[PDB]
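S.K.:
Chains as they are written, first to last, in the authors' numbering: chain G, 446 to 498; chain L, 183 to 311.
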């Protein structure tokens, strides 16, 4: 499970990140959702890191 | 640089009658300021953008001043003079703010003066939204 959780932190992380990218490469980008999504991305990366560590 | 920001507000693309119509000015920033990207940019702002903007300056600067706006039509008509007042009002507002390093630092304002698309789309873009 710890592993599991960990990856879960990642898989999600990736999603938020991906979303960011999408807004970004919508081209126009709501910088609003970009920021929100990004905030979550960095946390998620951390989550990945932590659960893993 | 901060006071050494050079501003001409010209080009009174005064959108013709509507009884509320809004003059769009070149805002040429010729700026040696390193608080302004472009050594020259011209944007073509309309009254509404500025007022907001002015408010933005108000908003980003928590007590940290925001002098008077572009001129009010609250007594103004749409007179060349009035619009001039607006032009001036901005010029002034802008002038000062530029010679205040902080209000001159509003990023919206950099983008605003240094990009024509109005305050608005700049303002989304800046909070990454």
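Cβ atoms here follow ideal geometry from the backbone N, Cα and C, with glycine treated the same way.
List, from N- to C-terminal side, the beta strand (DSSP E) runs of 3 residues or more that fit wholly inside the segment 216-295 of chain L.
M.R.: The segment 216-295 of chain L contains these whole beta strand (DSSP E) runs: 222-228.
S.K.: Let me confirm a value: residue 222 of chain L is counted as buried when at least 16 other C-beta atoms fall within 10 Å, else exposed. Which label applies?
M.R.: Result: exposed.
S.K.: Is residue 185 of chain L closer than 8 Å to residue 280 of chain L when the C-beta atoms are compared?
M.R.: Yes, the Cβ-Cβ distance between residue 280 of chain L and residue 185 of chain L is below 8 Å.
S.K.: Within a Cβ cutoff of 6 Å, which residues of the same chain sit near residue 224 of chain L, ignoring the five residues on either side of it in sequence?
M.R.: Hits under 6 Å: 208 and 210.
S.K.: Classify residue 446 of chain G as helix, strand or coil using the three-state DSSP reduction.
M.R.: Coil.
S.K.: Would you call the segment 302-310 of chain L in contact with the segment 256-268 of chain L, where contact means no fewer than 3 C-beta pairs closer than 8 Å?
M.R.: Touching, no.
S.K.: Would you kindly report the start and end of the unbroken alpha helix (DSSP H) that includes residue 305 of chain L?
M.R.: Per DSSP, residue 305 of chain L belongs to the alpha helix (DSSP H) from 301-308.
S.K.: Anyone know if the C-beta pair for residue 457 of chain G and residue 489 of chain G falls short of 8 Å?
M.R.: In this structure, residue 489 of chain G lies closer than 8 Å to residue 457 of chain G by Cβ.
S.K.: Name the residue from L:310, L:252, L:297 and L:265 whose alpha carbon lies nearest to the alpha carbon of residue 278 of chain L.
M.R.: Residue 278 of chain L has its Cα closest to that of L:252, out of L:310, L:252, L:297 and L:265.
S.K.: If contact means a Cβ-Cβ distance below 8 Å, which residues of the segment 451-482 of chain G contact chain L?
M.R.: Correct list: 474, 475, 476, 477, 478, 479, 480 and 481.
S.K.: Can you tell me where the alpha helix (DSSP H) holding residue 492 of chain G begins and where it ends?
M.R.: Unbroken alpha helix (DSSP H) run through residue 492 of chain G: 476-497.
S.K.: Out of L:191, L:203, L:217 and L:198, point me to the one whose CA is closest to residue 292 of chain L's CA.
M.R.: Nearest of L:191, L:203, L:217 and L:198 to residue 292 of chain L, Cα basis: L:217.
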